[PDB]
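Data first, discussion second: the structure below is written as structure tokens.
Chain A is the first sequence line, chain B the second, and so forth, proteins listed ahead of strands; every chain is numbered from 1. The analysis underlying the following values was restricted to heavy atoms, covering all of them including side chains, and did not include hydrogens, waters or symmetry mates. First listed ligand is number 1; within each ligand, the first listed atom is number 1.
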Amino acid sequence: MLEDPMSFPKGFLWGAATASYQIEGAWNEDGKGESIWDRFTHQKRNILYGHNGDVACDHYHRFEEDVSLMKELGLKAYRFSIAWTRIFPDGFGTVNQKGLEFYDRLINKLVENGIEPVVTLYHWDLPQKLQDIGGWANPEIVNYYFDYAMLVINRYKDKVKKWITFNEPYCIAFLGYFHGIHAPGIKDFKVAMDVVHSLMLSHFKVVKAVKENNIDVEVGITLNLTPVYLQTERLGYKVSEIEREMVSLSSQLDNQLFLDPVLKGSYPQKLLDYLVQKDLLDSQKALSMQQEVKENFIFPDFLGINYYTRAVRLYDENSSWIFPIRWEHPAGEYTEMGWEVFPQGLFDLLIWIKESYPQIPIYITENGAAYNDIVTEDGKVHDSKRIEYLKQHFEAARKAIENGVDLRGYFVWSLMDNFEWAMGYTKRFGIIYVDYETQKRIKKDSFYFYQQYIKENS
Amino acid sequence: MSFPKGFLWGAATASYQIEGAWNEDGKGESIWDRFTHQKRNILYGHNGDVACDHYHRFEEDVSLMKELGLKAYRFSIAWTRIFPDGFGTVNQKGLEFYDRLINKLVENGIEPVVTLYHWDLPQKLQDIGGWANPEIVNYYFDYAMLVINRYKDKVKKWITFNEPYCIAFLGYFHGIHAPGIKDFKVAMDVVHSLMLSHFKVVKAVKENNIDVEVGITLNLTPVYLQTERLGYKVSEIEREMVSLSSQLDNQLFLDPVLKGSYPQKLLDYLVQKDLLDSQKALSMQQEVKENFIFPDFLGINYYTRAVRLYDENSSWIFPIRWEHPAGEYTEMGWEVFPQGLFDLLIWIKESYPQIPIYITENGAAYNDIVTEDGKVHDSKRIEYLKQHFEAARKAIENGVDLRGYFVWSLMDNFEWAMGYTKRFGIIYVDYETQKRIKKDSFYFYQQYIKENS
Ligand SMILES: OC[C@H]1O[C@@H](O)[C@H](O)[C@@H](O)[C@@H]1O
Ligand SMILES: OC[C@H]1O[C@@H](O)[C@H](O)[C@@H](O)[C@@H]1O
Ligand SMILES: [Cl-]
């Protein structure tokens with residue numbers, strides 16, 4: 001007998017996500033200090049086409065129009081980040097009132113319109129003045145971050161009930177400090193590992209203070225997770241032990257390095273051991289890292305997940321990577337990022353978290369796709385592939401819920417086309433198209449699709 | 001709007017990829033027998049010792065061709081089956097194999113098209129420098145003329161080389177193909193040995209009034225600018241540097257083959273970057289000019305395009321990087337882009353002297369699964385072929401002298417450094433049993449040939 005389909009729970013947070021550097025512009029206005037991304041994009045050869053976020057989507061100026069679009073869409077929630085440099089131009093010291101006033105006005109406008117604000121405290125825009133003294137590799141950054149975080153939490157806790165300490169610490173550490181393709185452009189694995197640990201301790205400090213002081217907000221963190229699959233199993237071959245081990249270690253670096261500390265109070269020990277055995281990490285640091293996460297661990301209120309695609313990997317002795325593995329690209333649909341469209345990966349990932357970690361509310365804090373959108377003569381954007389991407393992932397999410405995953409919300413990346421970091425403006429993820437010459441917002445077909453989807457699933 | 005009368009609908013294979021019997025009947029060792037027998041060279045330690053065992057099973061395979069309704073079949077002759085040491089003693093068992101294959105093809109009304117060299121140089125000749133040793137040209141020529149003279153009554157189309165780009169750069173620069181050397185200057189030597197080898201064969205055929213056609217197969221990758229995809233203005237430096245990268249892929253072999261000179265701006269760039277001795281640049285142009293002869297046809301292997309853009313940070317020999325456009329990709333990580341085949345063919349027609357063109361390879365790798373009822377529902381391969389057939393048709397409609405189309409491949413086979421992990425066949429091969437299973441694409445193509453002939 002047909003029992004009602006499990007649907008999205010009541011109160012499920014259908015949302016859209018942005019980040020301060022990617023949309024705000026006004027990079028030097030009203031006392032805002034220089035961020036590491038201001039510095040990074042103003043230097044040669046770091047960004048495609050020499051693009052920068054000086055203006056971006058001009059959201060600092062046009063936020064009222066953007067909240068109006070959010071209201072039209074029927075978003076239950078909006079995830080955005082606060083620019084540390086608008087609050088503390090120098091990272092610490094004097095507070096910039098005009099920065100507070102911007103966020104006061106944005107947050108109030110959201111609440112007036114019935115949209116739940118969800119704030120990312122750190123989405124990659126460290127004050128350049130703190131980078132000048134080591135940045136995340138300097139242990140004292142932990143305290144400067146904490147002071148910033150508690151200031152904005154105490155200011156906005158009446159209206160903002162969900163706080164994300166960090167967006168994607170994997171990217172911050174390894175892209176910012178190992179690969180150097182993101183600000184601050186450093187290229188040193190051991191420094192990247194110091195950063196990993198600084199971010200964890202920062203996170204725990206904020207979670208601990210909210211709990212200890214009985215502040216009525218929820219604190220979580222956002223991790224990018226990329227489910228890893230074996231090409232050997234795709235081919236129907238037998239998997240060797242060495243391949244199983246090496247691919248698993250590569251998966252642990254992507255997926256468990258932050259998940260394990262955040263939810264279980266320890267780093268993945270096999271990965272740390274490997275990194276020590278390959279002289280990529282000092283034994284003394286591996287040991288102290290482990291001791292310190294255990295000492296400081298506290299369980300968060302929710303887990304945020306950024307999901308886009310999977311990886312398919314296989315053993316490769318000849319590889320120049322830190323593990324003897326190579327990637328394979330399975331046949332199928334790919335985005336302008338060269339990312340495989342693989343909704344099953346979202347389902348598999350969510351089931352894996354349910355089965356492998358203590359229960360915790362989960363939010364998908366980012367999911368979306370980049371297509372080379374064209375504005376038609378009638379001023380429309382017929383982004384049918386984006387619609388299909390989103391429909392399929394929404395259904396992956398539904399199915400996870402049907403299997404008892406505690407999913408409480410879903411934030412499309414992005415509300416609007418924006419500055420895609422080192423790729424500049426070349427990658428469009430919006431459900432709203434932004435003409436960068438005029439700053440006109442054009443609703444893509446995906447906007448109308450999402451609007452209807454929310455209506456039918458709330 | 002129709003395919004011309006007598007259009008050669010075909011399928012293509014290569015000796016090392018299908019034959020097996022790698023050391024039977026006195027066959028010499030090739031650089032691919034050596035390459036696959038060293039560790040770390042091929043995925044999963046795969047080798048071509050057995051492959052599809054076509055050496056033994058060719059009669060079944062020819063019946064499948066007949067069933068398919070192929071007008072033509074492109075295959076390669078293994079030099080090491082004919083001259084085990086590359087020169088000297090002629091092996092009769094080798095000759096007898098190609099005798100029987102060619103006879104069986106002709107008997108079934110299928111036109112044989114022979115690639116003389118599809119990458120399997122005798123190891124004995126590599127021992128003395130291979131394609132970098134100028135004497136190779138004469139060893140190759142003697143092999144070529146022997147087989148041409150033997151089979152010219154039944155084989156009217158001969159391809160000197162399959163993809164000299166791959167031979168030189170993948171074999172002698174990147175070293176991911178046999179013989180696994182990594183030296184760009186040696187690769188440029190190889191480029192030139194291949195061009196002179198080509199001209200020598202074309203010349204002897206025409207000079208001796210041998211009634212066959214001689215061509216060459218080049219892999220061509222049409223190149224597109226990400227900057228144009230984004231609707232931005234193109235800078236002069238990007239246009240120049242991406243253009244140089246396309247010339248290395250495309251014009252480096254086309255220009256000598258059809259026009260009798262190498263692309264000068266590329267040579268100049270390679271000289272400027274100490275990638276090519278100035279002296280060699282000069283001699284290359286002079287020697288190609290002296291030996292140039294126009295061929296009877298051009299073979300094109302087309303699979304995909306490249307989208308490129310400028311990158312000063314790049315570690316490649318040009319300051320460029322690739323972009324991956326949104327769309328469908330194959331198991332090779334290749335964009336499905338049938339427009340690239342049309343654009344490429346219009347470009348050949350507009351840029352070079354008129355010449356019959358054959359698509360000597362086109363196809364796609366998908367991760368084929370045999371169902372529980374013994375079928376393979378390769379609907380994506382069907383879609384791939386359908387769209388590329390339509391691009392070929394559009395090229396004809398627009399005045400391109402396209403005279404045939406060979407699907408890569410008749411059957412799943414050894415995909416070089418990827419081993420057996422990539423399946424390009426319209427026929428599935430179970431390597432444990434050597435069973436051939438017709439994929440859905442087999443019947444699609446069967447029907448398409450009947451409707452377009
Ligand atoms: O690359 C697409 C998006 O991926 C997310 O993980 C990041 O948080 C965003 O800042 C980025 O724009
Ligand atoms: O990569 C697929 C195919 O591409 C062609 O260019 C080559 O001639 C074949 O030997 C190869 O298997
Ligand atoms: Cl309080």
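Remark: of the listed residues B:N219, B:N162, B:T217, B:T217 is the sole one forming a side chain to side chain donor-acceptor pair (under 3.5 Å) with B:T360. For the side chain to side chain contact (heavy atoms under 4.5 Å, CB included) test with B:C52, the passing option among B:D412, B:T13, B:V429 is B:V429; the others fail.
Looking at B:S246 and B:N250, their side chains never bring a donor and an acceptor atom within 3.5 Å of each other.
Ring orientation note: the planes of A:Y308 and A:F429 are nearly perpendicular, at an angle over 60° on the 30°/60° scale. B:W416 and B:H177 have tilted rings, their planes meeting at an angle from 30° to 60° on a 0 to 90° scale.
A:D58 is linked by a side chain to side chain contact (heavy atoms under 4.5 Å, CB included) to A:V55, A:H61, A:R62, A:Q439, counting only residues two or more places apart in sequence or in another chain.
If you look at ligand 1, the protein residues with a non-hydrogen atom under 4.0 Å away are A:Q22, A:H123, A:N167, A:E168, A:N306, A:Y308, A:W339, A:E366, A:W413, A:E420, A:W421, A:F429.
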